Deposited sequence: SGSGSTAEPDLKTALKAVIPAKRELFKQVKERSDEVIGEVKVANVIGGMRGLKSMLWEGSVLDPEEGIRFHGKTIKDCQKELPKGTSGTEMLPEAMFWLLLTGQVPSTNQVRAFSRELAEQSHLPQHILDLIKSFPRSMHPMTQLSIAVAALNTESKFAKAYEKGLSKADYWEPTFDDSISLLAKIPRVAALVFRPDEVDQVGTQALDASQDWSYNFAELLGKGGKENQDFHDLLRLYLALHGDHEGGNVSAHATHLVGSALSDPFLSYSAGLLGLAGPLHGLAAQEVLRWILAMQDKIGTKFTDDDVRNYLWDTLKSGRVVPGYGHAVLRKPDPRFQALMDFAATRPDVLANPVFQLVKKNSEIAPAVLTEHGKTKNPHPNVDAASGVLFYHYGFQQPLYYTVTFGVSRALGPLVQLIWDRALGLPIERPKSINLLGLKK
């Protein structure tokens, strides 16, 4: 018999190595690694290698990787739930933060902490009851998450006097706290009539984070285990996708001024509430339902509708990437999940998604407007939730919000451990570029 370390202790063990690596990179401070062009200034920094992000790197052949591991490696190696086939988001968080795969026992102890720390102050429940029905769900989520800054250990510690070398410890604490609480907050956004019951309902401390999220959404018990596996997979896959995306970047940006994790990830959610970032899954579902509606329920069928769409100036949602040359491995992971659930395979709406994925890439290639027109993860995610009875697309981004806490919180902990300074680029006006 031997002792197994908790998440904080595992993080502490890999901190010195990262600091040694950081110090070596600093010796190369003057080394040139690229050029700033006018294109980069007016194209929202596109292709400008200008920020640090430890947890995930996009490989152009294999897609997103987490400390060098593919989605397929993660599905195989990361710990599962006490029931189910899919990898756990808490395990993904552990991997993102430490660079190492946790044992099963380590993940269970982490899950338990997350269940025990999930309760909300009374003032947050009052805040949520104040929201009108017309308020966008993503707005409700961003606000409620910011409001949890009342519970921030970092805010309080920084005010009192705190060593720069130790800024990470309170940041970690708040990150775990945020993580514990956010599923509950999301469930209250889904269920505005049940705030008092859902807001205080005790969780089963022996179950995983995704299971408990499902329970607070009204989908608990063994009868909903298929949904539990979807939710686990979905949450793990959307946790991190580099630093350049707006929710990750905004979190890093705001956090670099030493706003605590609650205020920082709030800012990330505000970016995620943007139609060009987080509402892609909702847009795809809408477009698939509109397509089913026009063709009813009739391989060659789909092609006419696609061509009709492109020749009218509209885009096919859920298709394309600027760098990835193959289908998004996260998309593939959602279809592998579908492949073993016969009932999802029999849903007409998923059948329509699947046919379109086998036909649209050829069609979009021949049309030539969009480079790398392969399905991305947003093609599939909406339909899967729709199958399990989440039929209001407005809330899809809320689920992405929960998931997307994982990666940016990890980077925030590392930003503070490494002592990274405030993000301060230099602006210029158009006249100044002549």
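When the deposited sequence is numbered from 1, the segments without any C-alpha atom are 1-4, 303-304, 441.
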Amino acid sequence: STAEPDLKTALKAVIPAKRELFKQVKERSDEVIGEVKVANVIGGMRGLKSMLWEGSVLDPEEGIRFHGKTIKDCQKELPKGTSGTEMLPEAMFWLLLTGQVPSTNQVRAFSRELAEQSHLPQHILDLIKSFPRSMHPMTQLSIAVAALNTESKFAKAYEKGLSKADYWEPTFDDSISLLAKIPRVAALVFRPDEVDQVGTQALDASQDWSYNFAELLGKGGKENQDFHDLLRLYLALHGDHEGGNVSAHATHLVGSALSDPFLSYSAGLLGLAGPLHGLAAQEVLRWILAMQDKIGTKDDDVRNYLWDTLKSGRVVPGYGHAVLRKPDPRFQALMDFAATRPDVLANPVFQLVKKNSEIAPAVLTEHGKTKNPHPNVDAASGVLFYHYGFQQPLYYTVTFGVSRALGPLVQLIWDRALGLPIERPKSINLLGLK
From here on, numbers count along this sequence of modelled residues.
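The PDB entry records a higher mean C-alpha B factor for 320-328 than for its counterpart among 124-132 and 320-328. As the entry records it, the average C-alpha temperature factor is higher for 276-284, out of 145-153 and 276-284. The entry assigns its greatest Cα B factor, within the set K160, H249, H241, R184, to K160.
Residues shown: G68, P408, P60, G401. Highest C-alpha temperature factor in the entry: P60. Looking at the C-alpha B-factors along this chain, the one for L52 belongs to the lowest third.
For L7, the recorded CA temperature factor ranks within the middle third of the chain's modelled residues. Split the chain's modelled residues into thirds by C-alpha temperature factor. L430 is in the middle one. Residue-level temperature factors show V101 in the lowest third of its chain, judged at the C-alpha atom. Looking at the C-alpha B-factors along this chain, the one for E90 belongs to the lowest third.
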